[PDB]
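Notes for the one structure printed next.
Neighbour counts run over all protein chains shown; Cβ positions are idealised from the backbone, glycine included. What follows draws every value from the coordinates through simple rules; no lab data is involved.
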Amino acid sequence: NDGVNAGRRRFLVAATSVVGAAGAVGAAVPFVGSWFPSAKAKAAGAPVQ
Amino acid sequence: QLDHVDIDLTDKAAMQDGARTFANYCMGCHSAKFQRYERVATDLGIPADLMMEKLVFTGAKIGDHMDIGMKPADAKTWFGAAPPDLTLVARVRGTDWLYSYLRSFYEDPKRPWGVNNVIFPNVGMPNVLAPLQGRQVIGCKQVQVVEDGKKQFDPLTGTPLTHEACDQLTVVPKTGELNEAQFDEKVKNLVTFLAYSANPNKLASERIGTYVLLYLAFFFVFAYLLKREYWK
Amino acid sequence: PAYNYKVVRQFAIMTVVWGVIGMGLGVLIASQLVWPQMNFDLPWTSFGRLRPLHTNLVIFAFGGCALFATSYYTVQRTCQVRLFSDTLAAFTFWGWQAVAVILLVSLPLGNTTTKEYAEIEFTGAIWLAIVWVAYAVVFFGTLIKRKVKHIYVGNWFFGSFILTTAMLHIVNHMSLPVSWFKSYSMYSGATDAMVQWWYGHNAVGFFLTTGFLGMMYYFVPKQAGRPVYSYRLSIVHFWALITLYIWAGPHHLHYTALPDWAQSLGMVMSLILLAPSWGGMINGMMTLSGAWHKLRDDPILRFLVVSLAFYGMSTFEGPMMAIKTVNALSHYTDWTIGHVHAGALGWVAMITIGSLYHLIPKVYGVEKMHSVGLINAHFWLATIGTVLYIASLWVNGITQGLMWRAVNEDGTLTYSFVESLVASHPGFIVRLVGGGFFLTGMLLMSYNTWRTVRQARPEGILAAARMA
Amino acid sequence: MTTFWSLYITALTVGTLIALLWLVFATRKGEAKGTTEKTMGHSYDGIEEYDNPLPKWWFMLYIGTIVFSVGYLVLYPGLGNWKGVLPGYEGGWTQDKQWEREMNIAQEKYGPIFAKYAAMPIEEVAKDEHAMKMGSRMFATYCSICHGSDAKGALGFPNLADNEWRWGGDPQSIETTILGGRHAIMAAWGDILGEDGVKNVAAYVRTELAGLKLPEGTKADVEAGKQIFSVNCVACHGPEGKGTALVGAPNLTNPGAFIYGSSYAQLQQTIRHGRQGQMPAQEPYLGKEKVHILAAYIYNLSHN
Amino acid sequence: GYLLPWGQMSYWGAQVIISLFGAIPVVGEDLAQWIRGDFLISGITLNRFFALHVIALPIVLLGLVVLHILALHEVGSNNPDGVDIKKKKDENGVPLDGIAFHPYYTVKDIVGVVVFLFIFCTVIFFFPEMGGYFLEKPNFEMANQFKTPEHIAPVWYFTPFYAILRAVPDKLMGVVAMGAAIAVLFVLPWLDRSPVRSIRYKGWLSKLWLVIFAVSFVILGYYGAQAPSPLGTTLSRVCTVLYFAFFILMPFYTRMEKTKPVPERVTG
Amino acid sequence: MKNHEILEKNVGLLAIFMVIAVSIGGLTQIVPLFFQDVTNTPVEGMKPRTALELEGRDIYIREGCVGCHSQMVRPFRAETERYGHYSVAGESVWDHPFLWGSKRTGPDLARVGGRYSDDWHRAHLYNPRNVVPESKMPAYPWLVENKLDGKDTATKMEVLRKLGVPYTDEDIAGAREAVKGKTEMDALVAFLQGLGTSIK
Amino acid sequence: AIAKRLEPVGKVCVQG
Ligand SMILES: COC1=C(OC)C(=O)C(C/C=C(\C)CC/C=C(\C)CC/C=C(\C)CC/C=C(\C)CC/C=C(\C)CC/C=C(\C)CC/C=C(/C)CC/C=C(\C)CC/C=C(\C)CCC=C(C)C)=C(C)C1=O
Ligand code: HEC
Ligand code: HEC
Ligand code: HEC
Ligand code: HEC
Ligand code: HEM
Ligand code: HEM
Ligand code: HEM
Ligand SMILES: [Ca+2]
Ligand SMILES: [Ca+2]
Ligand SMILES: [Cu+2]
């Protein structure tokens, strides 16, 4: 190693971290979204006489 | 030998015709119980009231599964084999198999229901699309001449050059509502609807996957730079 | 401190590999034109599909890789600095190889834009711009981080080439997508023709003359070890050439539906443009003053000199065919193809051969090519094979022009078109033979490069780069 | 073209030429007359540049192509909507106007020949060698991709050298066919006649009519073939299968007039899927006079 | 897990795999019934396998992964050259050929993870069935206790051992051979008598036998995924022999061969 | 004459000068082709190509027939006599991309519309040497087999409309039915028959 | 358009 370019390393670490966090949010989207009422739940109900 | 069919899942009209065919000619014995009328209407673009009026015959609600009155045990007793649920049949057998199977019924007096199938020999299914296709038999008809794959068409008219063959599926003339092309389109629409039913997430899957792959290429660029840099 | 010779040597190796493939495919399509049965009735190997692949591989894969190699090499050496970024330097190699692979996988499948030299479709023309902006960054940042006070003429030529073949690329590919690799141009009819040929005449002249003029400006004085003939001539040549190659585009639509004022402008501008091209040729040739005797000892210098000679020939022919009276005889004849291969085999291919035969034994650490006799043999094969191509296509095109235009004293047409085709068939066979000769020369260079690449030890490659 | 665009296409081009003159005059402003061996000093990689002047012949070619550039661009169009002052054309050289003058001169010189042969009847022209060579070339160009380069044709296209004429062979018919175009009709007798009947009467044309033999090992019924022929086959054909020339019906007794084959694998196709052959009406693309000699070259390729 | 979907493949593969436990000469049938929890594969077996698959085996796997990584970090990683980098250390005690796992290999593994995720998401969103190998077509039909598929085959990643079991004409010996195919990998560390670790410096015999083992494993998987065939059966038997010979002959051909000298410093 | 040295010492100034010099030529020959009536006004009587004609043109594009054939008849008496009335700008106003071509390995196709029967284009596009023994045209015995699926017809029509071609919602709706069960040979032949039909 | 596409196959003729 000869004269590591800081700032470039810091920028790359920050950018990779931010992009990975965005990907983590996206990968969480299926798991969080699956907890909303499903088609089974949305059967609803009709008036009762 | 199966016949290839080009199934366009983005064709709403074809899927609608297939759904109508399934609801009228197929849901008598076959359920689609893993699939809801509401989702079918939403994906095919059918208005909910129209779906209720035109495709739901069993008194079920829009959100109900495509269940039928025929129980599997009763139908197994009656037909010798239970008519399987057809929601996933496109995935179980493939669309080409279904396309060839629904067009391969031919009269066979030796069989319990008077018909057999080239694709599914000795199948227990009656030929329920006979009124549309017409009487199909194992007879002699004109088939394109082929010699080691040397397929001959007419250079001028572009139509096949044919010779007579006596082990072919031939529809008896003036015996069904639809001609060969019309029945081909009917079966294509039905198999398109079955393909949608087996994999209703296909189009959304492709869209989401395209976006995911774009994001992953972006992230790969950044990770590769963070790796090659920091490895100096 | 050293030079980033890794990217230059990757580009040189891939230049040889891509030139071999592209020229073999060109020979294949020529044979198909001689014998239709060479199509084998397969959709993906027909002449209509493979010809675009030939014309887009020879220009962008062979010529493009050659220009990348000689720019990433010339820019550093003349600036005394390493390339701007090794990241983008390696990306411009791998992405260019990806572009070539896209051309291989798509054009045979029929995914083409019909634009002579913009055949790469949507999502393939967007990556070629992504990897060209990176190339421009790598070159101009290196010119920005210089360790010398001036910028060399070759650097000017390379930079002008880079900028112009980004403006042209974005403008000519301005289309609407129907799907991946399926597009419709936003221009129509005469407008679309004008844009297409304002791009296509710069796919030559800038991708094949300006960038290669820089390659010449470096490798001619370097190989001959003599100073450039004239600095003022270089300035005038560069400026007039870049200011007139854009103007001279409309000569490809000389008698079409395009408005006649545009056609006249194109012809007049091409006739003007004759002068700067000959000025560049004069500079290149007279740079050898006092060193002509080296042509007997060094086949590489013969390559460069013959490239300059064919450049002069082509830049004299082209303005002549820009004259509407001449263009009437030869606009759809084989004479156009003869001029194309006079400017490509004679000029582009030969300058490329000479430049790589000099560069390769400088980025690998080996002092010399494995076999100089092979270099001389390749030179002779290329010369006899470009001359054959030129002559056969000249005869063929003149024959077709005369036969199509031939009219009997009664006013009826003397000949049918099938008669022209059968009359051209001998020209087709001779063209096939010349292409085979040139492809054999290419195969000889590939063998020489393979034997020179091997036997180059790790350190020999490493010491050669050491900046100076 | 508006005046803004005219002035734009004038100003930019003239500015480019004037700037290109300024470039070549400034760069030569301080040339060191005599050729110099002195280097310009700056060395980049060992590539030193001499201070030799701009060569005289190149400089003269440059300013000589920038005066021919205010040449073709002042006589011929190009400097905007500026028309041109080339003597002759009323409006400067225009592709359309050059074509118009070419055709006008070709109607005065080539044109009068076409009318002499157009006034004779198609058979008097026919025995005129010069009109026959005119035919030869016009048929070669316009009339060989269908009827063959030898006027014998290929699969699907009549041999107008053989003396059998499906649409009629008299001189007029050999002009009305070539002028009005002919769209012959053979109804698809596939199902109307039965999938097997199209293979029984098919072995009645190739048999007794055509005077051939069914492919050894094939089967048919000549009697049923004839009973089909006499009922649904003889109306627009001949009662002996020898053709009604005014429907384009060929001679079914001569297997040389068959343009759609003669085997009992190709005669069914004619009798099953139908055949509807077209003679391109050759009035529009050729005219009325060039097409009256093409009506004589066919009367001396076969009839004489 | 493959039983959980309760498709045809699920049910019948579980049926055959648990009938294997019926091949034990004496307690085989009782053991198979005890594993099933029923006289056949049923919802009892489904619920039991679900509980094992969802908690018990995940816990065991997590503990085993913890132990695996702990043992590795105790003894340190191997490398492609087989060079014991710990032998040569600098004045700070850091191996000369050693670099800190974090950050260098963490970023390298991030790149590898992104590439793997690209492939993984491509499969997920475009080819989730993967030609019927990741999701078998017959498994999209509900389990039928009375109709068995025309040809029942294991998931691809079990196919090699299946082939081995199918290569043995005898049932009990087939089960024993399938079990030994996995058990021999346990004793692998004592079968290898090579003086060097990396195949780069092992003799020609070791390279040849590794090639043979990989080819035999792939062929066994390929032919265990299809219905029995004459060529398929012959090649499956040959590949079973070669698969077991790669281990059985290792203690010999690792000694007979001549090995290259391992470099003091890793190459690269 | 030494002022040029400035552009040598500054990369930015040289880049700006090169950009301007290359832009001057382009901005004078392409920009004015827009807003010019001759190159934008369709010839009276022309209509946008039908859905099947559009598919046939797309196939003509796919098989790379531009490299051999040209669709621009120059105004030369020999040229027009061989091919017909010379092409004009208005004929190509709705041609994205233009297919004029620059090489004639075969005859100009600018006026083949109606010159020969459909039954010739078939049997010539399936085996060119069957009807012209000396033809160097490649055989295309696969346009007969494969059949158009009409997948992208609606999208293609909509995009062409967005580019200025005057299509109508009726055409967009009916394209799929128009190209339902017709082989690629039929589409290519139909596109061929429509060439140069506006001018006679 | 959808309604016509979805018409049930069975048609019943009713009094009045
Ligand atoms: C076509 O077909 C085929 C395929 O398919 C399609 C195939 O794929 C294959 C190929 C097959 C393969 C290669 C796949 C292989 C897959 C497998 C290996 C699957 C095998 C899975 C099974 C069948 C599961 C079998 C499980 C078994 C046998 C293990 C059973 C374990 C238990 C039931 C555990 C018992 C529980 C216990 C011990 C309770 C805990 C005990 C305690 C005491 C708890 C603690 C209590 C206290 C603390 C209280 C007492 C207190 C004490 C001690 C006093 C002191 C206090 C202190 C705490 C100190 C083949 C051949 C095939 O042809
Ligand atoms: C629309 C008219 C229908 C389609 C499409 C299918 N069915 Fe049926 N069917 C019936 C029985 C009793 C069986 C079982 C026969 C046997 O197992 O031998 C079947 C089977 C099928 C299959 C095969 C699925 C497979 O995985 O093998 C398919 C693809 C299928 N059916 C499609 C009975 C009936 C029936 C009662 C009269 C009706 C109205 C239909 N089937 C309608 C359709
Ligand atoms: C030069 C341009 C041509 C001349 C002169 C003639 N033709 Fe043709 N030709 C073609 C067909 C398909 C037919 C028969 C139509 C049918 O019934 O199916 C013909 C026929 C003729 C005839 C009379 C035939 C006879 O036996 O009586 C004459 C005199 C004649 N043609 C003159 C096909 C074509 C074709 C393909 C598109 C072209 C370009 C031409 N013919 C051109 C000429
Ligand atoms: C796309 C697959 C193509 C179509 C559609 C056509 N061509 Fe060609 N072509 C070529 C030659 C050498 C000829 C000579 C005359 C002949 O072969 O009949 C032709 C001719 C035609 C014609 C007839 C034009 C006329 O005026 O008679 C048509 C309608 C035609 N071709 C359609 C050469 C080539 C070629 C070079 C290898 C290619 C790629 C194509 N043609 C492609 C097509
Ligand atoms: C008028 C309605 C016809 C009837 C009825 C039949 N034929 Fe015909 N025939 C007719 C025409 C106009 C033509 C030529 C069409 C063309 O495009 O050239 C023909 C041609 C034939 C041929 C020869 C084909 C050839 O290449 O010339 C045969 C062998 C033939 N037709 C058979 C045939 C038979 C068996 C029929 C009765 C069963 C019959 N044709 C009826 C016109 C008409
Ligand atoms: C001053 C220099 C040049 C001028 C004025 C010129 C002019 C022309 C002309 C008049 C044509 C005829 C195009 C047609 O009729 O359709 C043409 C075509 C062409 N020439 Fe040049 N040329 C020159 C140099 C070159 C060089 C150096 C090369 C290659 C390195 C080259 C390659 C081509 C190409 C690719 C075409 C297009 C072929 C086509 O239209 O299909 N030209 N050029
Ligand atoms: C053995 C060497 C080569 C052979 C045999 C060959 C062959 C051919 C052939 C047969 C054509 C089409 C002919 C036609 O359409 O009439 C062609 C076109 C073309 N070639 Fe090559 N070629 C060779 C090398 C090259 C090289 C090295 C280049 C550029 C570096 C090049 C650039 C082009 C271009 C631009 C065209 C298009 C011409 C046009 O469209 O008018 N060729 N070549
Ligand atoms: C299934 C989950 C597993 C996980 C999460 C896991 C995890 C890891 C990790 C993180 C490493 C260090 C990085 C590397 O060498 O790749 C490693 C090394 C290793 N693993 Fe695995 N492992 C698993 C399964 C296995 C299996 C099935 C085997 C062999 C039967 C195995 C054998 C080894 C060995 C021998 C090493 C060290 C070898 C060396 O240093 O080159 N592991 N493991
Ligand atoms: Ca072109
Ligand atoms: Ca061209
Ligand atoms: Cu040009």
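Annotation: of all residues in segment C:166-198 being more than 9 Å from chain F (Cβ to nearest Cβ) and surrounded by fewer than 24 Cβ atoms within 10 Å (Cβ to Cβ), the one that is nearest to F:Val11 (Cα to Cα) is C:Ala166.
Among the numbered conditions (1) within 14 Å of chain F (Cβ to nearest Cβ); (2) in contact (Cβ under 8 Å) with a residue 60 or more places away in the chain, the only one that D:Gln266 does not meet is (2).
Determine if segment F:71-78 includes at least one residue that is farther than 30 Å from C:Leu53 by Cα, in a helix (DSSP H, G or I), in contact with a helix residue (DSSP H, G or I) (Cβ under 8 Å, 6 or more places away or on another chain) and more than 7 Å from chain C (Cβ to nearest Cβ). Checked against the condition, which is being farther than 30 Å from C:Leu53 by Cα, in a helix (DSSP H, G or I), in contact with a helix residue (DSSP H, G or I) (Cβ under 8 Å, 6 or more places away or on another chain) and more than 7 Å from chain C (Cβ to nearest Cβ), segment F:71-78 yields at least one hit. Hey, among the residues in segment C:47-74 that are among the small types (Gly, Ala, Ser) and more than 12 Å from ligand 6 (Cβ to nearest atom), which one's nearest to the other protein chains (Cβ to nearest Cβ)? Per the criteria, the residue is C:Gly48. Considering only residues in segment F:79-104 that are more than 7 Å from chain C (Cβ to nearest Cβ), in a helix (DSSP H, G or I) and without any contact (Cβ under 8 Å) to a residue 40 or more places away in the chain, the one that is nearest to C:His251 (Cα to Cα) turns out to be F:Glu79. Out of B:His30, B:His4, one residue alone is part of a loop (DSSP other than H, G, I, E, B) and either more than 18 Å from the chain's Cα centre (by Cα) or surrounded by fewer than 16 Cβ atoms within 10 Å (Cβ to Cβ) (or both). It is B:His4. Among the numbered conditions (1) surrounded by fewer than 16 Cβ atoms within 10 Å (Cβ to Cβ); (2) within 30 Å of B:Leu226 (Cα to Cα); (3) of a type in the set (A, V, I, L, M, F, W, C), the only one that E:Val111 does not meet is (1). Suppose we keep only residues that are under 28 Å from C:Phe158 (Cβ atoms) and of a type in the set (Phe, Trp, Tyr) within segment C:169-211. Which one would you say is nearest to ligand 4 (Cβ to nearest atom)? Per the criteria, the residue is C:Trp197.
When D:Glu124, D:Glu129, D:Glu108, D:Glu164 are checked against the criterion of being of a type in the set (D, E, K, R) and in contact (Cβ under 8 Å) with a residue 40 or more places away in the chain, a single residue qualifies: D:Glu164.
Look at (1) surrounded by 19 or more Cβ atoms within 10 Å (Cβ to Cβ); (2) farther than 16 Å from D:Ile174 by Cα; (3) away from ligand 5 (no atom under 16 Å from the Cβ); (4) touching a residue at least 24 places away in the same chain (Cβ under 8 Å) and you find that D:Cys143 fails only one, number (2).
Listed here are the residues, each with its yes/no results for (1) within 19 Å of B:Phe153 (Cβ to Cβ); (2) within 21 Å of the chain's Cα centre (by Cα); (3) within 16 Å of ligand 10 (Cβ to nearest atom).
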| site | (1), (2), (3) |
| --- | --- |
| F:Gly114 | no, yes, no |
| F:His121 | yes, yes, no |
| F:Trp142 | yes, no, no |
| F:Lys147 | yes, no, no |
| F:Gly150 | no, yes, no |
| F:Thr155 | no, yes, no |
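Of all residues in segment C:291-339, none satisfies the criterion of being away from ligand 9 (no atom under 16 Å from the Cβ), within 14 Å of chain F (Cβ to nearest Cβ) and farther than 21 Å from C:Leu271 by Cβ. In the set (1) surrounded by fewer than 21 Cβ atoms within 10 Å (Cβ to Cβ); (2) out of contact with any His (no Cβ under 9 Å at 6 or more places or on another chain); (3) under 26 Å from C:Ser185 (Cβ atoms), the condition left unmet by F:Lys103 is number (2).
One residue stands out in segment E:159-186 among those that are of a type in the set (A, V, I, L, M, F, W, C), touching a residue at least 12 places away in the same chain (Cβ under 8 Å) and within 16 Å of ligand 8 (Cβ to nearest atom): the one that is nearest to the other protein chains (Cβ to nearest Cβ), namely E:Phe161. If only residues of segment C:1-52 that are closer than 30 Å to C:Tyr73 by Cα and small (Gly, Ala, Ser) are counted, the one that is farthest from the chain's Cα centre (by Cα) is C:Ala2. Of the helices (runs of 4 or more DSSP H) lying entirely inside segment D:200-304, those containing at least 2 residues that are more than 37 Å from the chain's Cα centre (by Cα) are D:222-232.
When restricted to residues that are out of contact with any helix residue (DSSP H, G or I) (no Cβ under 7 Å at 6 or more places or on another chain) and surrounded by 14 or more Cβ atoms within 10 Å (Cβ to Cβ), segment D:233-260 contains 19.
Within segment B:99-117, restricting attention to residues that are among the small types (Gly, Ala, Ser) and touching a residue at least 60 places away in the same chain (Cβ under 8 Å), the residue that is nearest to B:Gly134 (Cα to Cα) is B:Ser104.
Keeping to segment B:81-127, report how many residues are away from every other protein chain (no Cβ under 12 Å), assigned to a loop (DSSP other than H, G, I, E, B) and either within 16 Å of ligand 1 (Cβ to nearest atom) or in contact with a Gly (Cβ under 7 Å, 6 or more places away or on another chain) (or both). Residues in segment B:81-127 being away from every other protein chain (no Cβ under 12 Å), assigned to a loop (DSSP other than H, G, I, E, B) and either within 16 Å of ligand 1 (Cβ to nearest atom) or in contact with a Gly (Cβ under 7 Å, 6 or more places away or on another chain) (or both): 2 in total.
Of all residues in segment D:264-304, those satisfying the criterion of being charged (D, E, K, R) and within 13 Å of ligand 5 (Cβ to nearest atom) are D:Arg272, D:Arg275. With the condition kept exactly as written, say whether any residue in segment B:198-217 is of a type in the set (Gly, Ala, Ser), more than 9 Å from every other protein chain (Cβ to nearest Cβ) and in contact (Cβ under 8 Å) with a residue 12 or more places away in the chain. No, because not a single residue in segment B:198-217 is of a type in the set (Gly, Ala, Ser), more than 9 Å from every other protein chain (Cβ to nearest Cβ) and in contact (Cβ under 8 Å) with a residue 12 or more places away in the chain.
Among all positions in segment A:19-31, there is no residue which is over 22 Å from the mean Cα position of the chain (by Cα) and of a type in the set (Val, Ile, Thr). Is there a residue being in a loop (DSSP other than H, G, I, E, B), more than 10 Å from every other protein chain (Cβ to nearest Cβ) and without any contact (Cβ under 8 Å) to a residue 40 or more places away in the chain anywhere in segment B:46-56? Within segment B:46-56 (the criterion being in a loop (DSSP other than H, G, I, E, B), more than 10 Å from every other protein chain (Cβ to nearest Cβ) and without any contact (Cβ under 8 Å) to a residue 40 or more places away in the chain), the answer is yes, since at least one residue qualifies. Report the residue count in segment C:116-157 for those that are outside any helix (DSSP H, G or I) and polar (S, T, N, Q). So the count comes out to 1. Counting only helices (runs of 4 or more DSSP H) that sit wholly inside segment E:1-106, those with at least 3 residues that are within 14 Å of chain B (Cβ to nearest Cβ) and either within 16 Å of ligand 7 (Cβ to nearest atom) or under 29 Å from E:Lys137 (Cβ atoms) (or both) are E:8-20.
Against the numbered list (1) in contact (Cβ under 8 Å) with a residue 12 or more places away in the chain; (2) not in a helix (DSSP H, G or I); (3) not charged (D, E, K, R), C:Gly411 comes up short only at (1). Could you go through segment F:81-88 and let me know if any residue there is within 16 Å of ligand 10 (Cβ to nearest atom) and closer than 18 Å to C:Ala190 by Cβ. Scanning segment F:81-88 turns up no residue that is within 16 Å of ligand 10 (Cβ to nearest atom) and closer than 18 Å to C:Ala190 by Cβ.
How many residues are within 17 Å of B:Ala13 (Cβ to Cβ) and under 9 Å from the mean Cα position of the chain (by Cα) if we restrict to chain G? Of the residues in that region, 3 qualify.
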